[PDB]
């Protein structure tokens, strides 16, 4: 199938995502509405149910509202059954309108609909070439007080109707009982409760297997992507086994939310997007975009440096989901704000690298501060606002122009308030000019592009004051003035003759799993896929066409591989690095080591004889290990995804910068479980 087909569940760079809060978009069935103190039909109390549902989203796919905007994927609230309590927090009644307070991950939330309504939503969406991404929030169930079992539903977890346990009297240890996080350390934020949410214990084999079976069920119902909630608050080693369960079963695009603030650059966040097996909501793009286009706390050089930096720091930048606002920040449009600011920032996101997401109601200029004010019911379904038209004109280009879906980004002209950049993929080009200054024209002189000669019409049709670009020989354009608030997009598309890889998905899996490689120039006759120097040809290539190849990972040792494609004529592509072949299926094992005293700046690490453990190299060792909450220093602990069903060898080591101190003695051995979890508890061997 082509890279742009709705069936391509692995990669989303050719798509535009519309993020819907199901309750707040359209009540297409009022008989499923909550009643009593849980419902506010006027949606004036933004913490109660207003009544919006899956039949409401079906109705807006059918009548052309969402397809007339060119949206090709929708991201909806978590579909699973939630607690039914109305919780009063210091006066206000609050409900699970948002889907985050789960009680059964194997059944639907009846306010949104029945399982038949969920299947009709998947079928209607796909029949209209729309992909469906759902929230999944495995870090917790719901508000709970072990001291007061009558509060809310006491964090109870059920499995397809059957009660597994509650937060009070948790003799099975399904949940963590360490108090609540103060956010001071990454460790602290993982093992203590978020606010009052009953924190799931993924080291318990029952919780582990349950969540892994729950996600597979939703995969069986045809969802196309997963947005994972609170990834900074779950063990990284457990999320790696969770991604390995998705990818080795039915790989679909998965991305998580790790909030970053303005000017926060964090190593940990990038490490997560590069090594977890999932991508991130690109808060580094969003905060810088709001600084330049909304708040004017930085200018175009900031924007340039963020685009140039992020292409390097994210190993797979075409997989990060970009946005200018969402459910966790104030709406981009303000009361006293110019609409042009929103319209430009949206045209910027739609032509930028990554996977653009548009928060519902952006096309209707909704304002509102933080939660719950940014989740009002959307006021109108007008298809004639300037913003609806911008999206309508630009969102198609992700499907037709591979330079917008996969291309590199190149700054071509810049000053404090204008950036003109080029997106380039083989021979396909898109050039975008933006003047953020609303009252001063910009004189453009000396702009060189990669567009061939011709008079390129603005794809926006002049609605944000864009102009035609005349390009002469050598990509040089005639000089022009960019209007106050001017935004124009110019484009040229043709064939590549060369193989060029734009995206690969999944990026982590065991031998035998079919991966999807997307790009242009592969040709129609089946060529060769290289993993390292290993060549895969013939029957192991499941599908070959010019924009997409599906191929089985070969039986190679586990580790990090470079992918390359050769067309049938022997021409080879660019290298798509950092693919992780796993040793096999994964299980999370908790490693606990006692009596490992260290010095300031010295920390404990784990390594061993499989790739998942860094194959005995100190620079790739797992850690630094934790030592505050579940166990305390000098006992250190860590949850590590390791291959299932086999004997591994390993040793612990101390690292103070440059210096590595290995444990003495023989190597440790452990035979891993086939499913579930296990705990290794050993003592530092001098």
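Numbering follows the first chain given and starts at 1.
A summary of the deposited B-factors shows that, of 12-20 and 660-668, the stretch with the larger mean C-alpha value is 660-668. Look at the C-alpha B-factors of 190-198 and of 334-342. On average they run higher in 334-342. The entry assigns its greatest Cα B factor, within the set 457, 588, 146, 583, to 146.
Within the listed group 311, 328, 229, 213, the record reports its top CA B-factor for 311.
Annotation for residue 677: CA B-factor lies in the lowest third of the chain's modelled residues. Among all modelled residues in its chain, residue 621 ranks in the highest third by Cα B-factor.
Ranked by C-alpha B-factor against the other modelled residues of its chain, residue 303 falls in the lowest third.
When all modelled residues of the chain are sorted by CA temperature factor, residue 7 is found within the highest third. Residue 644: CA B factor lies in the middle third for its chain, per the PDB record.
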